Every structure is written in structure tokens, then in C-alpha cells.
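Each chain gets a letter, A, B and so on, in the order the sequences are listed, and its residues count up from 1.
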Amino acid sequence: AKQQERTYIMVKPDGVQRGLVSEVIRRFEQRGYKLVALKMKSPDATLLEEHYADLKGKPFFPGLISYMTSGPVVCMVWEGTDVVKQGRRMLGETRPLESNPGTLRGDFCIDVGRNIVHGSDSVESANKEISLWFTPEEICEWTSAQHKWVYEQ
Amino acid sequence: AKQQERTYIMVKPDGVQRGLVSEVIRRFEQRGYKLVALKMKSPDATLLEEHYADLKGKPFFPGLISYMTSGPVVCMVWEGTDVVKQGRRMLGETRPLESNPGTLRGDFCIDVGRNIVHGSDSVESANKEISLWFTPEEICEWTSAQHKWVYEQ
Amino acid sequence: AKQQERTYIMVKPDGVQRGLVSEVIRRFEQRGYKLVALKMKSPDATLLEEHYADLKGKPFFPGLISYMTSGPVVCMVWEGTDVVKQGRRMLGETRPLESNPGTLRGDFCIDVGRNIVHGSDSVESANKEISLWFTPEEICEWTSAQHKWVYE
Amino acid sequence: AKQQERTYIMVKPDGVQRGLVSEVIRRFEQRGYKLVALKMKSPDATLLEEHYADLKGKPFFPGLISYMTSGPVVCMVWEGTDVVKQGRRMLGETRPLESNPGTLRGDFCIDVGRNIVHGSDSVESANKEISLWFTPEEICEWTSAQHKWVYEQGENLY
Amino acid sequence: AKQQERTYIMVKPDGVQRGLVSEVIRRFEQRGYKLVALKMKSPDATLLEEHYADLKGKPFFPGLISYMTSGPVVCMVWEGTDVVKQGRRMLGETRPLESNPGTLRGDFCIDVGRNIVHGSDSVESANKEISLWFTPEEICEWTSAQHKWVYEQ
Amino acid sequence: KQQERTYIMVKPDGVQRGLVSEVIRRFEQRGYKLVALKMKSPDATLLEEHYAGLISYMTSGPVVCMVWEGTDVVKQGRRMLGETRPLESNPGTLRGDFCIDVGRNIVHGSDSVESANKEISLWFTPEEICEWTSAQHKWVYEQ
């Protein structure tokens, strides 16, 4: 069951605009994490408001939703051991100015509000996010040919 | 109307297995072409049989369909001037042994039956393929920040 | 004589805006060619009008000049055997739609009017271009540590 | 203003000799920092002596000046929020043996005396360095097409 | 003398299977370390048991040896100042889940049992490993053209 | 068919210029299988047979010797290296991306299957060939 952990990764509108979709996918793909769902979407405010439900009511919330509807996003689900936490380490710290070289934000970003990508903060949050952005039918079950070389039996 | 041209690009099951999704996307993204639709899918045989309708009744057709259902694929639509023909030039010749270094198949492939990616062969094919794989609601309308720097006025 | 050939390479305002300066430099640097002059510049119209003198009078000319002053450019001189021709090959055809994958234009662009970079079309052209865009004191004389491994 | 902060980055003779000019530029360019000045130069000993003014008197000083005049350098000015501090971070520690993988020095260097690049250590030093290595006429202002995607709305805009 | 320090680096079977030989070499080559010995080998269990002598008796030991003989390895010797310590830092922590982005394991690995590469842990163990895996006749003496630009003399 | 092998060698200039990883990458990423590899300082006698001023350069530093396996690897290998003369080679090839002089063209590749078999047996012993099966075999090749 451990290798079956999943996380939700989203390239934010700035990531798409700046031509960083392939780079975000590369960090996960080259690591041995398995891509099990993927779509480009122009979500409406209602969907984004549920994604960010924990931030409702905060003064910056309306601006956040407006910004998140200003361009398309790329939604992904990745599967593998500890992918939630590893996913977060690969993105960098929330603030690019605190992120290290070698991370996505540390390599490509400057402002916290333009930090190109979102990753689930916990397995529980991942499960919520995955079900919000994808139907079960959109999640593609497959077995990697490199499984026995990425994981110990 | 020439900038509006679109083509259908699909990472085949071998491209997904070999971890080349990011590389295929990169070739288009870095060129200035605009990603307008994207999804991972496990298509059933009926959708693939329509995609490959012109090959129906060829002796290799059954094996092609079985192969194309042997892992997930990544479906994409790219937009920009001459994208059908340029997309094909970037993929390389159909046969990897005839493809030049610098092209996707020339860099990454050996066998014509394991040639990692599909690109529409013509504007007519592209229009058919786009509407076969995607509904209009899955196509994302957006304007790239770099438009005026990729295209002349 | 051969090894001292020089060409003029210029990242155009779209190349700079699209963050392709490092990539243009890499194609030459990794090839073993020697960078002997480099500067970012905002040329005035009078210089651009001399650079494009043969085009003066064409309907698109004023627009070309305004476009070429719309952002800074990166000016370079590269040195090495057959650098003019090899530089043009590495850039790809002038028209990106006719340029092959593996070339700068084949990899990165689409419209001939947004074709990110210029390289001299011949040694004759290079001599003219280098003299127009650089002063002799801006050319840096040096010997590469890999010279004996790049050249026989 | 915050977004207008600038730093001086210089590829040292070893960085040029080892073919690392493009890689140094890439780290800044891909990050959204704006290149506003750039030139290759073979500076006179006196310019370098002024650049390292506060190292005069040190036994290694003559040696440092001779080394820094041993090949051309590439001078740059980069602009963006926190560019001085982020620039240093991207370069890695001064000592390559203390620098982490992913930084320029950690990926490409071994010896502190051959550490390929210099970055201003502070805003004060950066302004001094920019003025020493470039004239105001060499600074080429511009606004990036990607500005609104690299930066959020700036605060206290008049 | 300090510039003459050497370490033993080995791409394990998973690193070879996953196509990561060029990437391991790149990390050392681009840093200015000097490659002085290199070979692909399918070692006998006897050689591996001596390599892993400190682990004899552990319950996983027989399984480790059978794993390490399940595909070829690539053996290397690198030379330069502090290469043992720097080499380990470039590989990352033993555990990929603790390794930082930018390191080999942090970029490409997930399971500690499939952590693609080995590096000597000390000058003492490096000297033992080098003489275990290579004869003196396989070590190539040469001087890099970039020596005076990598090192201050 | 898929068992075809070729001999690729990084010449002393390729090693000196830090291009070993890149030569390996071009073959590795293509799906070709590395079955033999070694760094060596061959003597004049091995070099004279191989080539039956050149011998001096070819002994001026170490080389990296390789055997790659896969369908059409001799011809595809040559294509990936580029034309013998770098000034005739296209961008995307190793010599077209990294070289200028024919006498400093960083790499050698067998020109035919017959030459490859001869070169492999000249530069490697049978015991140095490592046979294995790639986990990606069924995705690189059609059954």
C-alpha cells in the first residue's frame, strides 16, 4: 500500500504562462513517480473556492481566486512512496525567496504569489484534492516497466 | 487564421513507460506553440479504431490496437502557425531509423512500432483527431504573455 | 589564418524577452568557438538603419527599425575555423518554418519576424557587421585552454 | 524600489576558460531576473585593484590581481526583487567545498581561488560595483513580457 | 597530495537499468573531477561479499548480494581535492527520501534499496575499494587541460 | 537483428573536453544497450592495428571504449556521431554540436558490421562483454 500513495500537483497560471509545464512534469517523472492522471483546465471560481476552502474569509481570498482564474492550470496526480512529502520537497518552500537551488521554486520563482505550482500538504489533503479535480474514471491504472528497479521487493 | 492552426499530439504507451512525456511537451512548449488541451487517458479500443480508421483491414491493425491499449496515453492539442507540419518535423520521420538526430524519434527511438508519439499528418486529420479525443469544453482559450514576441504583427 | 575567422551573432529583442540568451551562447560555447566580444546594447535607429541599409525604402522598414529598438539586443563576436558558416548552420535557416530540429530557430521559433537571432551571412558581411557594432577595443584577445584539443 | 534592486555578477577568468558563461546566465535568466547590462572585458590591473580595494596589503593581493588579469571576464547586472541575496544563494558558498549540489559552485567548482563567478555581497557593494564596472549609458532598461507572471502587484505603487 | 585524492563511485544495477550512467558521470565530470578508471562489470558474488564485508551476518546480506549480481554495474575512480566527501554530497544522503533536490538520489530515487549509486565513505575505504575493483594497470594517469583553471597552483 | 553491436570510442580530445557523459547519453537515451565499457591508455601497437602524428595524438591521453547493442546500431551510431568531418555535420549530432576540426572530432564509431566485429574483438576481451536484459526492452522493441 505504501507505493500506492498519491498526491495532487497543479501548475498554476503563472507556470503555464512561463512555459514551465514540461519542467514540473520532469521533476516527478525522472524521480520514478508514476503519472496517473493529467488534464489542462480552466476551472471556474466555485471549484477553486473549494480547493482553497481552508483560506475562505481571509482578506486576500478574493484576489487569490481571481488570480487563479486568470489563465489555465495543469492538474496532475502522481503515485509512489512518500510522494506527498517528496513532492513538496521538490517544489521547494512556499516562498521562493526561501527555496533552495535545485527546487522548482528556487530555480524559477521570486514572489510567493507567483510560485508556479501547488502540491498537497498531507495525504488527507491529497485525497480531497484528487477527488475534487478528477473523477475516478480519469485516474489511469498502470504498472511501470521500471517498477522492480525503482522499488525494492 | 494561420496562427489559429491546431494539431493533435499523443504520447503513445511506450512514451509514457519510458518517461518521455516531459520531453515531448518540451519540444512544443519551448518552440512557442500554445498548449490548449491535455489529458492522460486509457482509451478503449473503439476510440482507437476510429483514430486509426484509415488502417482498418490492414494485417497489422489488430496488433496496433492491442498495443495502443497496453498502457495509458497522453493526449494534447497544440496551437500556432503551421503547427501540423512543424509538429511532424519535430517528431521526426515515422520510422525512427530514418529520423534525424535532433528529432524526438531520432533522439529516443529505434523501432517504428515503438515510436513514442503520434502527430496529426495534415490539417484535415488534425481537425478530425482533435474532435475525436476532446470535447470543445476541454479546449482551453487563453492568450500567451509572449504572443507578441513569438509572432510578428 | 583559418582559425582567426570571426562572425557577428546578435540576440534580437524577442530572444532577450523569451529568455534565450543563455541558449544562443551555449550553442557556440559548447562547440569550441571562442567568444571575443559581448555586450547588451540598445542601439539607436541610426545604427540599425545602417545595419539594414539595403532594406531602406521597403514598406516594412520603419516598422523593422521600431521593432529592433523595442528592447535590448545582445551583440557577440565569435572566433574559430569556418565560424561564419557553422554559426549560420547552428542558427538554422533564416525562416524558422524551414529550420531543422537541433538548430536554434528550429527549436525555438516560428515567425521569420520573430526569429530570435541574427548571424553574419558570409565573411564579407561579418567584417562589415563587426566593424559597425563593435569598436576594436571591445574585442578581447585570449587563448583557450582547450585550443589544442579543439584544433589539430 | 524593491523590484528594481540590482546586483553585479561577474564570470571570472576560470569561468570563461571552462565554458561556463552560458550556465551562469541561465541560472539568473530562468529565474525571472532581468539582465540589464552585459559585456566581456579584459580589465586593467587598476580597475581590478579598485574592485578589490580593501584586499590591498594582503600577501595574496598581487597574486589575485595577476590571476584576475589572466583571461577575459564577463560582467553583468541583474535586476529583480532580492537579487543580491538570491544571486549569492544561486552561486553557492564562496568556498565550493561548502557549496551544495544545485548551486553554481557546488555543481562546477572545487577550489575557492577558482570559483568561476563573483556576486555582490550586499546592496551597498552592488551599487559600488555596478558604478565601477559600467557607465550609466551601458545599463539597458526594459520591461519583461512575463512581468505580471513573475511578480504579484507591487506594494505602495504611486 | 590533496589534489590526488581518489574515490570509488559505482552505478548499481538499478542505475544501469534506468539509464542513469551518463547522469552519474556528468555530475563528476562537470565539477572538474578527473576520471581515472572506468569499466562495466558483472562481478562475482565473491567480489561483492568483500565489498560489503561490513554487512556480513545481517539478515538481508544474501538478498543484497543476489540483488547486486542481478545486472551489470559501472565502476569508476575519480580524482581531485576532497573528492571522497564532495562525491558523497553529490550523490545525496544514503536514503533518497532524505536527499535534497539537486543531488543524484534526490533527483532520481525513492527507495534506499534502489538508490542507484555508491560512493566511498572515507579516504580509507576508497583506497580499499579502488584496489578491490581495479588493478593498477587499469588506472589511467593523465593531466587535464583545464587543471590550472580548476585549481589554484 | 536486435543483437547487432557497434564499437564507439571517445578519443583523447573528447575526454579532455569533458564530453564522455554526453557521448554515453546519446546512445543511452536512444534505447541502445551498453554491454562493454572501459577507460584505457592503449599502446602504439593496439592503435596501429586499429588504424591498419595520428598515433601520437591518439596516445596523448586516455580513451573511453564502448560496445553498444541494438537494432541497426552501427548505422544509427554513425548518424548520431555525425559526418566524419565536423564542418560537414549537422546540429543535433555529436560532431555538429561539439566539434570543429576533423583531427579533433571527439569520437569514433564502427563504419560497418564487419568493422564493428573486428574492432570489438580488438579492443575488448570476451570476458569484458556484459550481457543483460533491459527492463524497457518491450517498450523499445516490438515483438
Side-chain angles (χ1 to χ4, degrees), chain C residues 1-6 26 28-36 77-83 86-87 140-152, chain D residues 12-22 42 67 70-72 108 114 116, chain E residues 3 29-30 32-36 79-80 140-153, chain F residues 9-23 39-44 47 50-51 53-64 81-82 84-89 94-108:
Chain C
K2 281 198 302 164
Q3 302 172 13
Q4 280 151 20
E5 185 175 301
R6 286 171 182 173
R26 176 176 313 274
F28 287 82
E29 193 173 34
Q30 78 190 355
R31 183 78 188 270
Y33 284 117
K34 182 170 58 182
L35 183 58
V36 300
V77 179
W78 293 89
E79 178 170 328
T81 300
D82 206 36
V83 69
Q86 302 300 313
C140 296
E141 173 54 34
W142 63 290
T143 301
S144 171
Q146 293 289 7
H147 181 267
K148 62 184 287 194
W149 297 111
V150 174
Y151 290 101
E152 56 186 309
Chain D
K12 301 177 173 186
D14 51 307
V16 176
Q17 281 282 6
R18 296 180 60 214
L20 298 172
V21 176
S22 68
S42 288
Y67 172 65
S70 71
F108 300 109
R114 297 294 185 268
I116 69 169
Chain E
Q3 295 178 12
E29 194 173 30
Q30 78 186 355
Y33 287 119
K34 193 189 346 188
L35 181 60
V36 298
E79 184 173 318
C140 302
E141 171 75 303
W142 62 290
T143 302
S144 167
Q146 292 288 11
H147 186 265
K148 69 186 282 201
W149 299 110
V150 175
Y151 294 101
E152 181 182 4
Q153 216 77 346
Chain F
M9 172 170 64
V10 184
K11 299 174 179 186
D13 53 311
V15 173
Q16 279 282 6
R17 293 178 61 213
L19 290 169
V20 176
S21 72
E22 190 66 36
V23 176
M39 173 177 277
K40 191 185 176 63
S41 295
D43 58 27
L47 286 166
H50 172 71
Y51 291 116
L54 173 63
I55 303 298
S56 69
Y57 145 75
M58 286 299 296
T59 63
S60 61
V63 300
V64 174
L81 305 193
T84 304
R85 287 175 167 281
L87 300 179
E88 298 176 358
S89 294
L94 282 159
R95 294 176 182 130
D97 291 339
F98 301 111
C99 300
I100 294 166
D101 265 14
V102 65
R104 297 293 185 273
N105 72 346
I106 69 175
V107 64
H108 160 89

Shortest non-hydrogen separation from [X] to [Y] and the atoms involved:
X: D/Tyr67; Y: D/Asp14; result: OH-OD1, 2.8 Å
X: E/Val150; Y: D/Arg18; result: CG2-NE, 3.6 Å
X: F/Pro12; Y: F/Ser60; result: CB-OG, 4.1 Å
X: F/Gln16; Y: E/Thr143; result: NE2-O, 3.0 Å
X: C/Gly32; Y: C/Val150; result: O-CG1, 4.0 Å
X: C/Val36; Y: C/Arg6; result: CG2-NE, 4.2 Å

Can you tell me how far apart [atom1] ([X]) and [atom2] ([Y]) are? Round to the nearest 0.5 Å.
X: F/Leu54; Y: C/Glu152; atom1: CG; atom2: CD; value: 10.0 Å
X: F/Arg104; Y: C/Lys148; atom1: CZ; atom2: NZ; value: 8.5 Å
X: C/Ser144; Y: C/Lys34; atom1: OG; atom2: NZ; value: 7.5 Å
X: F/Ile100; Y: F/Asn105; atom1: CD1; atom2: CG; value: 12.0 Å
X: C/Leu35; Y: C/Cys140; atom1: CG; atom2: SG; value: 8.5 Å
X: E/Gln146; Y: C/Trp149; atom1: CD; atom2: CH2; value: 12.0 Å

Going by side-chain contact (heavy atoms from CB on, under 4.5 Å), name the residues that satisfy it together with E/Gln3, two or more places apart in sequence or in a different chain.
E/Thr81, E/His147, E/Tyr151, E/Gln153
Quick check: does any side chain N or O of [X] sit under 3.5 Å from a backbone N or O of [Y], one acting as donor and the other as acceptor?
X: C/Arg31; Y: F/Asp97; value: no
X: F/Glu88; Y: F/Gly82; value: no
X: E/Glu29; Y: F/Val20; value: yes

Ring centroid separation C/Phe28 to C/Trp78 under 6.0 Å
yes
Taking the side chain as every heavy atom from C-beta outward, state whether F/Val10 and F/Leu19 have any atom pair closer than 4.5 Å.
no
Show, in sequence, the C-alpha distance, side-chain angles and deciding distance for F/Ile106 and F/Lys11, and conclude whether the side-chain contact (heavy atoms from CB on, under 4.5 Å) test is met.
CA-CA 5 Å; F/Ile106 69 175; F/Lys11 299 174 179 186; 5.7 Å; no
May I have the step-by-step check of side-chain contact (heavy atoms from CB on, under 4.5 Å) for F/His50 and F/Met58, ending in yes or no?
CA-CA 11 Å; F/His50 172 71; F/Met58 286 299 296; 5.7 Å; no
